[PDB]
Amino acid sequence: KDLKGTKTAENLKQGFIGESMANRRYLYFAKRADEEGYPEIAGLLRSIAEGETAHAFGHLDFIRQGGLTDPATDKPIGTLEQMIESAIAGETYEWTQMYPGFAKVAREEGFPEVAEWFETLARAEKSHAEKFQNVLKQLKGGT
Amino acid sequence: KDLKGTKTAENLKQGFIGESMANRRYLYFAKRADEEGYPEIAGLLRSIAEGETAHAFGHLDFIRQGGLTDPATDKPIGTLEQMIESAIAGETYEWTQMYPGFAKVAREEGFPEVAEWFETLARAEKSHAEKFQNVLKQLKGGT
Amino acid sequence: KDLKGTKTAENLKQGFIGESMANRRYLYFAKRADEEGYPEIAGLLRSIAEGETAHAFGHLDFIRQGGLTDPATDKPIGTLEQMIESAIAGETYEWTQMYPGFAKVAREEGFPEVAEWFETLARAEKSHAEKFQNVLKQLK
Amino acid sequence: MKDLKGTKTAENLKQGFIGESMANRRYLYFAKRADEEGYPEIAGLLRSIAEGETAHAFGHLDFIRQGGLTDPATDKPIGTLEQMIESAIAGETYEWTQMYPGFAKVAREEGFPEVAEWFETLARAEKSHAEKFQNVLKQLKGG
Amino acid sequence: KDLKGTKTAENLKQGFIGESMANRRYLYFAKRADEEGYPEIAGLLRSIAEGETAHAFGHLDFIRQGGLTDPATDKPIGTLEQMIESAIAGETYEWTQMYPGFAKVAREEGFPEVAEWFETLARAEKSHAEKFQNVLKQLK
Amino acid sequence: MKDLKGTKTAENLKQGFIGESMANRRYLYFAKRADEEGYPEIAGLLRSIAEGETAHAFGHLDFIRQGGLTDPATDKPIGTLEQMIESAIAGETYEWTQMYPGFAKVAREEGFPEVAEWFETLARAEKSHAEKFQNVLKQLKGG
Ligand SMILES: [Cl-]
Ligand SMILES: [Cl-]
Ligand SMILES: [Cl-]
Ligand SMILES: [Cl-]
Ligand SMILES: [Cl-]
Ligand SMILES: [Cl-]
Ligand SMILES: [Fe+3]
Ligand SMILES: [Fe+3]
Ligand SMILES: [Fe+3]
Ligand SMILES: [Fe+3]
Ligand SMILES: [Fe+3]
Ligand SMILES: [Fe+3]
Ligand SMILES: [Fe+3]
Ligand SMILES: [Fe+3]
Ligand SMILES: [Fe+3]
Ligand SMILES: [Fe+3]
Ligand SMILES: [Fe+3]
Ligand SMILES: [Fe+3]
């Protein structure tokens, strides 16, 4: 049966989002355990984080094998070239819309240190977009 | 000013979600570059993934320093103990509600291989919850 | 002392093969532990794998010190330039002969998906050979 | 798929796995020489190509397992986690009870006492690994 | 040949300090490159850092082979048991004397947040000392 | 905060950084001995405690930078990415033009020719590092 347009397609997407966050959160928590001298706690958080990597990648396998799109971009991710095109689309959204819009709202609401951070991130994602565009030109057979 | 109840609080949350997904996606794409013999593409994806780690952790710093909750659980993450309690709450949600509910829907919709995966993940998150509960008992001064 | 023609020369080569396989096997097994929710088991597999890295590298130390060749390629691996030349030799054998031959036999025996995997790898090792060839100019 | 047992393709998957396993170890060993001598581009290329050879080795193991073939190193099944630990125990046991003590005896007879001492250190290490894996297996079977 | 009392003994110790600092510095700098969107710069910092690891480890090889002590603790580091005893010695000096003394001076000079950081580290190194003490029984 | 320049606390942050830097290197070196001998629990403890000493070193650098102090290794500022690369160039330059060639001359005079050859290999490596960092700095300033 086709996964397109099913509740299961949406559930694979939401599963991916949650697993992605769990890995990031557990590695961030491990640095607090590190500073305070809890190596066994830090090691458990890092080992469980590898479990959450495996879960995230398995969600993406069912997504890709089912012909579903990338949770982050709604672009196909069947081939390497499509994977780089998904990277470019996400970076482009972040520097041309998401982070400048967040920075404007942070300045309006009275949070200039947060706005400066969002402005730093917009410049970073613009750089990432350009580096991925240069890879895509080489994959397609150019300089 | 207090970040609680602001558009900027919500934007930090959404920024964290996107950065988490970007790191997972780029490491997954790097394994396709690896198999096909593109070490420079794989290396770029892994180096840009470190950038997305830095971005995710900086969002969590502004969240924690502002007294906002964990994007994944809506629990506080100021202290190590609160961080482990956030881990336990997320694992508990996944094995007692999220993954069993996804498995039931996958079976109803005619996707038994996806349901078996969700059932495997529910058993994994139950194990993770128990391991974190054992750490929390030790942090609080017990065996 | 010179290891040429001894049983110990062959035993170091077989030791290197087994230690290389053990690291790869234990990291593969760790991913199964990861998905199923066994973080202590996965962490032990990963720490024991570091032991098998140390074992493999020490066999290569004795091979090089005893004037023996690279177990994979039968080329000398004394200097960094020699090491990159051994890498190029192995990659060239794999893309020009080994993987295409594996793919032909897999097609003949009725394993079409395994044949396509061998063809993907033949293309990959050609790419690896190119990248190594383009750094030789740094080593003279 | 057809059964792989007894075919030349079965033998080729095993030899492929051996060569890929050696390539990763060789390239990481070479990278440490490039590190000490001041060639960071070459070192990073060796490390990225080594990730390629990991992907290749793991893909060979995927086909081996999916076609009901045994572990190239031990001739034991590797379908379940318990079977994977039993294969680790069988390999460690062969190494400390037969392979390394036999190698050490021959090294001493042939006039290589420092190589014999190395093989004796390795036999003690694999004995220790075997005991640690046997303790894990007991925990797995006990729930 | 015995390095005791030579200028080369002291030079190996200063080499080890500088190489240790260089690895930490370059990985810290890499995180700034990461946040700002410079993946080529971050990757070069990380690869050069691997070079400084190889340099530090080779200085420790010559220190141990020449019968010298651990640069950090002045304890021998020949055997694994000695290595864990050196770790315990350093951790014990840091929690019983060094970090509490740093915290007292920081309070005296008017740096309250830096004092609290030194106190967090004194507690951390006490924990490290305990964990190492509890593995000694494995080494006899 | 008060200015840190010229205080004992400034000197203590520098010595703290030196000790933390050595602890990480020492513990990773010890872990390789535990690896070869068959002590994976001890090896993993050394590796996890080493992550603790990374967190400690980086926190010392945070206070150093935030209080306008210079890099402990070079006495150069490390506030911006460009300053961080200039500090890397100054340290590499000192090492290949003064420190390692002087060490090599003394080793040869004192009868340690293999130690002298090592110091000469290191001088060539740091020369190579200095050139690679100078190329990065040129790219940074040029946009
Ligand atoms: Cl702990
Ligand atoms: Cl490439
Ligand atoms: Cl477990
Ligand atoms: Cl290079
Ligand atoms: Cl860059
Ligand atoms: Cl152990
Ligand atoms: Fe999970
Ligand atoms: Fe990005
Ligand atoms: Fe980002
Ligand atoms: Fe979990
Ligand atoms: Fe081994
Ligand atoms: Fe290759
Ligand atoms: Fe390969
Ligand atoms: Fe073993
Ligand atoms: Fe160095
Ligand atoms: Fe410590
Ligand atoms: Fe410390
Ligand atoms: Fe350097």
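Read-outs throughout are calculated quantities, based only on the coordinates presented, and are distinct from any laboratory measurement. Backbone-built Cβ (ideal geometry, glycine too); neighbour counts: all protein chains shown.
Of A:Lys126/E:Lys31; B:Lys31/D:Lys8; A:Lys31/F:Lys32, which sit over 21 Å apart, Cα to Cα?
Flagged as over cut-off: B:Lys31/D:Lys8; A:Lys31/F:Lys32.
Rg and Dmax of region E:2-57, using alpha carbons, in Å: what are they?
14.8, 50
In the Gaussian network model of chain D, springs joining C-alpha atoms below 10 Å, which of D:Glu41, D:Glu131, D:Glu120 carries the largest mean-square fluctuation?
Result for chain D, Cα springs under 10 Å: D:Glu41 fluctuates most.
About the Cα centre of the protein assembly as shown, what is the dipole size in debye to 20, counting +1 per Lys and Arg Cβ and -1 per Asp and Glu Cβ, all else neutral?
0
Relative contact order of chain D: what whole-number percent is it, with Cα pairs under 8 angstrom and at least 6 residues apart?
Relative contact order here is 19 percent.
Please give every one of the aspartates and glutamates within straight-line cross-link reach of C:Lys126, meaning a C-alpha to C-alpha distance under 17 Å, and leave out same-chain neighbours fewer than 8 residues apart.
Within the straight-line cut-off, C:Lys126 pairs with B:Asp34, B:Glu35, B:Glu36, B:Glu40, C:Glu85, C:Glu91, C:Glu94, C:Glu116, D:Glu20, D:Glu51, D:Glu53.
Return the loop-located chymotrypsin sites (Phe, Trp or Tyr not before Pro) in region D:40-143 (DSSP other than H, G, I, E, B) with at most 14 other Cβ atoms within 10 Å of their own Cβ; answer none if there are none.
none
In whole Å, what is the distance between the alpha-carbon centres of region B:1-59 and region D:14-76?
Value for the Cα centre distance between the two parts: 27 Å.
Select from chain F the helices, each a whole stretch of DSSP H, whose alpha-carbon atoms run 27 Å or more along the helix axis and whose Kyte-Doolittle mean is at least -0.5; answer none if there are none.
Going by DSSP H runs, the hits are F:40-66.
Just the Kirkwood number for chain F, please: inverse of mean 1/r across all distinct Cα pairs, in Å, one decimal.
For chain F, inverting the mean 1/r across all distinct Cα pairs yields 17.7 Å.
At a 10 angstrom cut-off on C-beta neighbours, averaged per residue, how do the peptides D:28-36, F:21-29, C:95-103 rank from highest to lowest?
Answer by packing, highest mean first, reads F:21-29, D:28-36, C:95-103.
State, as an integer percentage, the relative contact order of chain B based on alpha-carbon contacts under 8 Å between residues 6 or more apart.
Rounded, it is 19 percent for chain B.
Is there a simple number for the mean count of other chain Cβ atoms within 10 Å of the Cβ of residues in F:4-17, and what is it?
Mean number of neighbouring Cβ atoms from other chains: 5.
Less than 17 Å apart at the alpha-carbon level, and either on another chain or at least 8 residues along: which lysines does that give for D:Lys5?
D:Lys14, D:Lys76
What does the structure give for F:96-104 when I average, per residue, the other chain Cβ atoms found within 10 Å of the residue Cβ?
2
If only Cα atoms are counted, what is the Rg of the protein assembly as shown, and what is its Dmax, in Å?
According to the Cα coordinates of the protein assembly as shown, Rg and Dmax are 26.9, 82 Å.
Rounded, prolate or oblate, given the Cα gyration tensor of chain A, with a/c below 1.5 counting as rounded?
Cα axes put chain A in the oblate bin.
So if I average 1/r over every pair of distinct C-alpha atoms in region D:1-74 and take the inverse, what Kirkwood radius in Å does that give?
Kirkwood radius, region D:1-74: 13.5 Å.
Would you work out the charge dipole size for chain A about its Cα centre, treating the Cβ of every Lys and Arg as +1 and the Cβ of every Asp and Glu as -1, and quote it to the nearest 20 debye?
Using only the charged Cβ atoms, the result is roughly 480 debye.
Along the positive direction of the dipole of chain B (beta-carbon charges: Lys, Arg +1; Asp, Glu -1; about the Cα centre), which of B:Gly18, B:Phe57, B:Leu44 reaches farthest?
Sorting the options by dipole projection puts first B:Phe57.
Taking every pair of Cα atoms in chain C, average 1/r, invert it to obtain the Kirkwood radius, and report Rg/Rh to two decimals.
1.04
Classify region D:40-111 as rounded, prolate or oblate from the Cα gyration tensor: take a ≥ b ≥ c as the square roots of its eigenvalues, call it rounded if a/c is under 1.5, otherwise prolate when a/b beats b/c and oblate if not.
oblate
Please compute the modelled spin-label separation between E:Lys7 and D:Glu109, points set 7 Å along Cα→Cβ, answer in nm with one decimal.
5.4
Within a Cβ distance under 11 Å of E:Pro76, other residues only, what is the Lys/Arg minus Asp/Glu net charge?
Summing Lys/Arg as +1 and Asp/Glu as -1 gives -2.
When the dipole is taken about the Cα centre of region F:14-112, and only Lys, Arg (+1) and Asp, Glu (-1) are charged at their Cβ, what size is it in debye, to the nearest 20?
Taking the Cα centre of region F:14-112 as origin, the dipole is about 140 debye.
Over all residues in E:97-107, what is the mean tally of Cβ atoms on other chains that come within 10 Å of each residue's Cβ?
Whole-number average of other-chain Cβ neighbours for E:97-107 is 3.
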